[PDB]
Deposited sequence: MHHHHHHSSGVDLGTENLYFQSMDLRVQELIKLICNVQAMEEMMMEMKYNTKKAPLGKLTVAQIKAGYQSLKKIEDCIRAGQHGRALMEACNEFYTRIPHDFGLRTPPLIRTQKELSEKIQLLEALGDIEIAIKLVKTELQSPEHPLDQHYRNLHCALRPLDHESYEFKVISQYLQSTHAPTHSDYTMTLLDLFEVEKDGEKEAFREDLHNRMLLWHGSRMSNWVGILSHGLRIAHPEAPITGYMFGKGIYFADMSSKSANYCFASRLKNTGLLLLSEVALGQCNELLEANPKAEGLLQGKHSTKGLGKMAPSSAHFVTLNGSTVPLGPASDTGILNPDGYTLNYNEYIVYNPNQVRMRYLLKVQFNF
């Protein structure tokens, strides 16, 4: 009954904060991604250096697009590796020549960007954990495991776990309601087709996401890193987003975010187009159409947002040209179409 006297941060919030603010975990995560933390300590990384990294990736993009492989491309990849040091040990540093390889470097810089944010943020009479939490300017309130909200979100979590993501299952360890300063008032409440949708991210990135909100891509990032342009990406299948947690048997605790997304009218597309944003022409979002999705007969709503409970079934969508997405994804291009609402602490069972 100590809390009636002294009013502490709930233990579950303390443990969350300890988890996402762990700078050692960030160092290990970047070393796994082949970033050379010894040559370029994360503490000294600046926004300008990351920006310069993106500009080198753009030079690489120019080269890939022109089919170049000689001097221009070598010069570009060397420049990139000079600006964003990597550790390939004794192995030839690899060329960056495909969309997937470009995207991986982009995700490395996205992580570096959120790390730069976190290290600044975690720098009195106040306990370090109270200080970190305050500095997020984002309320996080644990929810009761016997609440209605917990039940619906566990159902959404399990029932939208996709059949082709069978290398793990997920256990919901804890649940927090998220109220980020400003989002309620900015949100596009007027738009129809408001859905509660998934976003996953690496564990290094949550200090940045909670303190700044979900953001569109850096303006200097190569556009070809982004399947449907520089928007904020969401899934209706929990495991499509959870894959982007990059959890593993070694590090099997990750987080998953649910947000209210004001989709309005969707421009529906069957295959990648990085210039998708320019195709909106008055519509409000992009939907990449998948072969399998939850169907409306099973939907429920939670506080005005449609919750697309599974199981997934065939959508009857095939592309007669080539590749079709396995599952849907949704893209909005203004943060005011996003209101963060829940954060799940997830145990991944490999």
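- Missing C-alpha coordinates mark the following deposited-sequence intervals, in order: 1 to 14, 138 to 141.
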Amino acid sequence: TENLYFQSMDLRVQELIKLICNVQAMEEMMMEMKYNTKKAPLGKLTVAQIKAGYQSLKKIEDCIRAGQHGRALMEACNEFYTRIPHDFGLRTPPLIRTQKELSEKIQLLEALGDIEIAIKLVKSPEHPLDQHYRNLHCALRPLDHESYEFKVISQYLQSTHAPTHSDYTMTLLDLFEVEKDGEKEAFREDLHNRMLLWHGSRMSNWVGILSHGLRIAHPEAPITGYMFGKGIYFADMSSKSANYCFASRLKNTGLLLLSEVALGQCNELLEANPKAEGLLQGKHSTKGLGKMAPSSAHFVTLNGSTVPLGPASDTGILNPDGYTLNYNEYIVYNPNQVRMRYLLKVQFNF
From here on, numbers count along this sequence of modelled residues.
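- Where the other entries of this protein model the residues before and after it, residue 166 is kept in all of them rather than dropped from a third.
- The records show that residue 311 is included in the coordinate set of every other eligible entry of this protein, so it is not omitted in a third of them.
- Averaged over their C-alpha atoms, the temperature factors of 259 to 267 and 94 to 102 are higher for 94 to 102.
- For the pair 108 to 116 and 82 to 90, the mean B factor over Cα atoms is greater in 82 to 90.
- Looking only at 199, 184, 230, 165, the residue with the top Cα B factor in the deposited structure is 184.
- Remark: of 153, 74, 173, 237, 74 shows the highest value [criterion: C-alpha B-factor in the PDB entry].
- In the PDB entry, residue 180 places in the middle third of its chain by CA B-factor.
- Sort the modelled residues of the chain by CA B factor and residue 51 lands in the lowest third.
- In this PDB entry, the Cα temperature factor of residue 245 sits in the bottom third of its chain's modelled residues, the lowest group.
- In this PDB entry, the Cα temperature factor of residue 274 sits in the middle third of its chain's modelled residues.
- Residue 157: CA B factor in the lowest third of modelled residues in this chain (values from the PDB entry).
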